[PDB]
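[1] below: the sequence, then the experimentally determined structure.
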Amino acid sequence: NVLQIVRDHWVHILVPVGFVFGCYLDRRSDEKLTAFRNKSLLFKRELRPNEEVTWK
Amino acid sequence: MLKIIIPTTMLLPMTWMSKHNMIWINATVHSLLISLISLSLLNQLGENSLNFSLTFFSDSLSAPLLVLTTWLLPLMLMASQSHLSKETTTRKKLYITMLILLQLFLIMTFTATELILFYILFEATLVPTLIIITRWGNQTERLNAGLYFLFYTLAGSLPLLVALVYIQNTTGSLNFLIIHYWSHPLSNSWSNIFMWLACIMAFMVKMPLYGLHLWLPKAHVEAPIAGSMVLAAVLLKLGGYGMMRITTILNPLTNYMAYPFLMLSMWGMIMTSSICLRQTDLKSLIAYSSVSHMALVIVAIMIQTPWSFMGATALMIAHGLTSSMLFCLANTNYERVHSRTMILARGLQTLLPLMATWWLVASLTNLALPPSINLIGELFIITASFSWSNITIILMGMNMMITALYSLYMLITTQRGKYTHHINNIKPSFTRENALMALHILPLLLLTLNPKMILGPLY
Amino acid sequence: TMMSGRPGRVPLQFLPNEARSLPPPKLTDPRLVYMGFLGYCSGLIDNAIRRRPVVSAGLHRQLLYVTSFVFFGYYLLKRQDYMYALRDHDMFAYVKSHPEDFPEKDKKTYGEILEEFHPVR
Amino acid sequence: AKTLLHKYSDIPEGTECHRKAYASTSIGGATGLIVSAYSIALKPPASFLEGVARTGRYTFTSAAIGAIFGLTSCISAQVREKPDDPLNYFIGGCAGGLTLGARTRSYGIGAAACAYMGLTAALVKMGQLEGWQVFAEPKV
Amino acid sequence: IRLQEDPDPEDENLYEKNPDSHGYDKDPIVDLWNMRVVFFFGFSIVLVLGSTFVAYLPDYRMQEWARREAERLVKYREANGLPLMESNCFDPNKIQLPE
Amino acid sequence: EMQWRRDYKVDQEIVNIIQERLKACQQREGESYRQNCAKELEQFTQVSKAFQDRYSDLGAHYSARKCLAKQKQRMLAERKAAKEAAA
Ligand SMILES: CCCCCCCCCCCCCCCCCC(=O)OC[C@H](COP(=O)(O)OCCN)OC(=O)CCCCCCCCCCCCCCCCC
């Protein structure tokens, strides 16, 4: 009956995986707008000894 | 915004692949989850908006509307469960698909960052609403209601498209941030007057404005319960959001062109309240009350002061919730007696106590009982109008008196008195209906507790 | 007609040799994904019209629909990118060639610029 | 048509009201003749006399509308001493609409014609002032 | 008569076939679980968790920051005898009037 | 624009601080407030006048550019008044 449970309740993962995919796509879009990262007059800052990017 | 957009486009295949007896459960559960996810957008900044990407951005004005839409979807699903028992599986799935598409289009409309994409989505919302009305309405007048709604909206909005493309050609971009930073004053000439007329008239027909409002009673009376819930709560706020967005580029001409619309809106408040005083249909009463509240929001937007925008946003949210609750109560009463006449069924407080309590609370929120956000928005708008001029106080006072009059009149007519003797099919209220009313009413009181979340970006 | 008659234009050529200097679209392009989605929708509509199980019948023909749509969309995207690149190249060339028609203007700060103030009351 | 429009525009706005009315009457008569020709071509008259009567009725209606519009607009502009004002054209258009309603013996037709003709005449005057063009020459 | 039309059916009562009906579905188990999921998710999760989340949302509007900055500026201004609020937002030295 | 908005919020909070001072002084003095708490009234008058002159009726779409335009207009008016006085 475990297969029947999966065969009937497999649609309950669609929205969670869609949320995860949306978060991933939001991060991937945010990575394309890094032209002024650590370059603004207000937030320009020397990097920490163990650091390469101010934000991701 | 993709973290909210994608789950709706996943609601679609989930709805179409779910079992015949699980569609409502799955849709409601995942709509509630999406609403919970969308609650995170309330963490707005104080100076600039949240710019997720080149296409979508969120502001202190967009966030409450998105939360309201995502919260309103499951309530519409519950109402659809109520009135669609005998429908076939495919038609029920189509109804849920229409609701989901409407919610997705509304979310994208509220989060759009450019005026042309905003227009495209704001016009895309017409198709699902028209289909829902003209397909699942109960009476003959649904076709006429759909025609009136569609043609009023399109006749309003086509000159808006012409004006938008002209503005893009003239200035360079329709991006909201650019048109706000690079805004320049609008000279007082006939061409500028007509561009102002195009944009404002589009959003006023959508609002609606008094004299351009017959489509609202026609569509709201004849629409099904879910259609009425989405028409009154969210679709009416597209005009207000657009006006609060489009007026950036219309100054200082707005200081000169606002007089006819201000007079129309105030006298329309008065006239529609008086109409509410003598309505034989409950849904018509609720629709005209919605018209009056939207006219007040129009007055706030047109006077265009920092104290008027906060009141406008608060009143929009409060009116959406209150009108949805009122329509749900009226639909329960209709489904009990299969008639929309108000004086047909009486003694409903004797027959159904808890529904009488819900009616009392909804009518108290409608007449702006303090400290509700309805009253907060109305009082801010009244104070801004008083600063604008000192007879608007007279008009607002008489409007408020008539509003209280007709709210308590409908309450006393429906709930109090002697029950109709020959109506013997008044079954006890369902847990579903009680939960629907509770889910409508509790967020209003919570927003009363925390009012700074719905006061717009000028807070 | 704007682009037609451009010097060096070979007639009836979908993609000339100069179009190969541009980055080809990625196979994970959102436009390609949308083309595949259109193909899948066309397959579902085919099943619905021909009265077959929509989501489970004709998997091979649904795959063929998706593949054909992706193929044509890829080539269409290549041509579109080439045309836009050509337009930008011509625009920049003309701007370079006509400096008197496209002159630089003085940049005055807002401290120097006088603009009228219209009170809102 | 271009020659008649050029004559009408070359006659000054606030002056020469008789010549302005004559130009408007000529334009209206030409429009009425064209409409009569199309009406006879599409819906044939019973007899030659009936066709002549229909042509005369249409031409007289159009010429009366044009003359009333021109006279009213020019007289209003002259008496108000305020040329380049769309209100004069609006008054002339409503007067022409009322003339059409009187010719057709219909109060509702007269009122609707007054409203629409006044609105479109005001639009025409605003376009003349602001430089609006209906059939724009290809520019970009 | 003008059509071969079915008569209008009588409306069904959910309480007749199920006195414990919650009004969601005519199937008892489906109705019970629909009520349970609606109540649990909506009320508990959305109301309580979203309400406390909004209550404890971080102060990104900088209200407390603005209050602290105002206190600091007031202290510095009144300590040195300077006016609490400046006459102009910008510097007239940097502003060049047309003349 | 961001800097100007932060300054605007800080000025609003300064006005709030002065108003709190005035309210507390009135309540504390009680029956003799019209004379005792007159020092807070003058400070509040000065702060309110300066705040009104700066962020006066700029509208719901206020911006640093609009505030700069208002300041330029006020400066021109003051210069013209001074010239017509001492000229
Ligand atoms: C947003 C809020 C709402 C705002 C808008 C509210 C509505 C405003 C407009 C109301 C209607 C006004 C009249 C419009 C139509 C007039 C023509 C008409 O009604 O025609 C039909 C009728 C035909 O009559 P008939 O069939 O011949 O015979 C029957 C009796 N004789 O004709 C008649 O019987 C003729 C009767 C004429 C009586 C006088 C009418 C006076 C009023 C109209 C003119 C108003 C002008 C206002 C100007 C303002 C300028 C600033």
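    Nice, thanks for sending it over. Residues are numbered from 1 along each chain as shown, chains lettered A, B, ... in the order given.
[2] and the residue nearest the centre of chain C, how far is that from chain F?
    Nearest to the geometric centre of chain C sits residue C:80, at 4.5 Å (C-alpha atoms, centre = their mean). Note on residue C:80: its distance to chain F, by C-beta to the nearest C-beta, to the nearest Å, is 37 Å. Just so you know, the C-beta spots here come from the backbone N, C-alpha and C atoms, and that holds for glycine as well.
[3] now that residue, what's its secondary structure?
    Each residue gets one of three states, and residue C:80 gets helix by DSSP: H, G, I helix; E, B strand; the rest coil.
[4] residues of stretch A:24-43 that come out buried?
    A:25, A:26, A:29 (16 or more other C-beta atoms under 10 Å in any protein chain shown).
[5] would it be right to say that the last one lies in a strand?
    No. With the criterion set as three-state DSSP, the secondary structure at residue A:29 is helix rather than a strand.
[6] OK, contacts around residue B:227?
    For residue B:227, the contact set (C-beta atoms under 8 Å, 6 or more residues apart in numbering or on different chains) comprises B:129, B:132, B:133, B:136, B:137, B:219.
[7] does the second one really touch residue B:226, like I thought?
    So that's residue B:132. Yes. Using C-beta atoms under 8 Å, residue B:132 is in contact with residue B:226, at 7.0 Å.
[8] mind listing the shared neighbours of the two?
    Common neighbours of residue B:132 and residue B:226, using C-beta under 8 Å, 6+ apart, are B:95, B:99.
[9] settle it for me: which of the two has more neighbours?
    The neighbour comparison of residue B:132 against residue B:226 (other C-beta atoms under 10 Å in any protein chain shown) goes to residue B:226, with 29 against 26.
[10] contacts only, for residue F:65.
    Residue F:65 neighbours (C-beta under 8 Å, 6+ apart): C:110, C:115.
[11] which element is it on?
    Under DSSP states H and E, the secondary-structure element containing residue F:65 is helix F:64-85.
[12] what's the local residue count around residue 52?
    Since you didn't name a chain, this refers to chain A. Residue A:52 has 6 nearby residues by other C-beta under 10 Å.
[13] nope, chain D please
    Neighbours of residue D:52 (other C-beta under 10 Å): 13.
[14] which strand or helix spans it?
    helix D:48-80.
[15] what are the buried residues along that helix?
    Buried-residue list, helix D:48-80, by 16+ other C-beta under 10 Å: D:55, D:58-59, D:61-78.
[16] so what does that helix touch, helix or strand wise?
    helix D:17-42, helix D:86-104, helix D:107-130 (3 or more C-beta pairs under 8 Å, 6 or more residues apart in numbering or on different chains; DSSP states H and E).
[17] and chain F, which of those is closest to it?
    helix D:107-130 (26.7 Å; C-beta to the nearest C-beta).
[18] and the closest one, does that touch the ligand?
    Yes. Using C-beta under 6 Å from any ligand atom, we find that helix D:107-130 touches the ligand at D:107, D:108, D:111.
[19] give me the contact list for that helix.
    With contact meaning C-beta under 8 Å, 6+ apart, helix D:107-130 is reached by B:189-191, D:69, D:73, D:84-98, D:100-102, D:104, D:132-134.
[20] buried subset of those residues, written for ChimeraX?
    Remark: buried members of the contacts of helix D:107-130, expressed as a ChimeraX selection using 16+ other C-beta under 10 Å:
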select /B:190,191 /D:69,73,85,86,88,89,90,91,92,93,94,95,96,97,98,100,101
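[21] in chain C, what residue lies closest to chain F?
    For chain C, C-beta to the nearest C-beta, closest residue to chain F: residue C:120, 3.2 Å.
[22] check the gap between the residue nearest to that residue when sequence neighbours are not counted and chain D for me.
    Closest residue in space to residue C:120, ignoring its immediate chain neighbours: residue F:59 at 3.2 Å, by C-beta to C-beta, 6 or more residues apart in numbering or on different chains. To chain D, residue F:59 is 27 Å away according to C-beta to the nearest C-beta.
[23] do residue B:86 as well
    In terms of C-beta to the nearest C-beta, residue B:86 sits 48 Å off from chain D.
[24] got it, and residue B:41?
    41 Å.
[25] return the residues in contact with the nearest residue to residue D:24 once chain neighbours are set aside.
    Closest residue in space to residue D:24, ignoring its immediate chain neighbours: residue D:70 at 3.1 Å, by C-beta to C-beta, 6+ apart. With contacts defined as C-beta under 8 Å, 6+ apart, the neighbours of residue D:70 are D:17, D:20, D:21, D:22, D:23, D:24, D:25, D:92.
[26] give me that answer again for 10 Å
    Contacts for residue D:70 (C-beta atoms under 10 Å, 6 or more residues apart in numbering or on different chains) come out as D:8, D:11, D:17-28, D:92, D:95-96.
[27] next: residue E:12.
    Counting by C-beta under 10 Å, 6+ apart, residue E:12 touches B:85, B:86, E:26.
[28] out of those residues, who's the most crowded?
    Neighbour max across the contacts of residue E:12 (other C-beta under 10 Å) = residue E:26, 14 neighbours.
[29] so it sits right up against residue E:17, yeah?
    Yes. Taking C-beta atoms under 10 Å as the definition, residue E:26 is a contact partner of residue E:17 at 6.8 Å.
[30] centre of the chain versus stretch E:86-99, how much separation?
    43 Å (C-alpha atoms, centre = their mean, to the nearest Å).
[31] got the buried residues for that stretch?
    Result for stretch E:86-99 [16+ other C-beta under 10 Å]: buried residues E:89, E:90, E:95.
[32] of the residues you listed, which is the nearest to chain C?
    Among the buried residues of stretch E:86-99, residue E:95 lies closest to chain C (C-beta to the nearest C-beta), at 4.9 Å.
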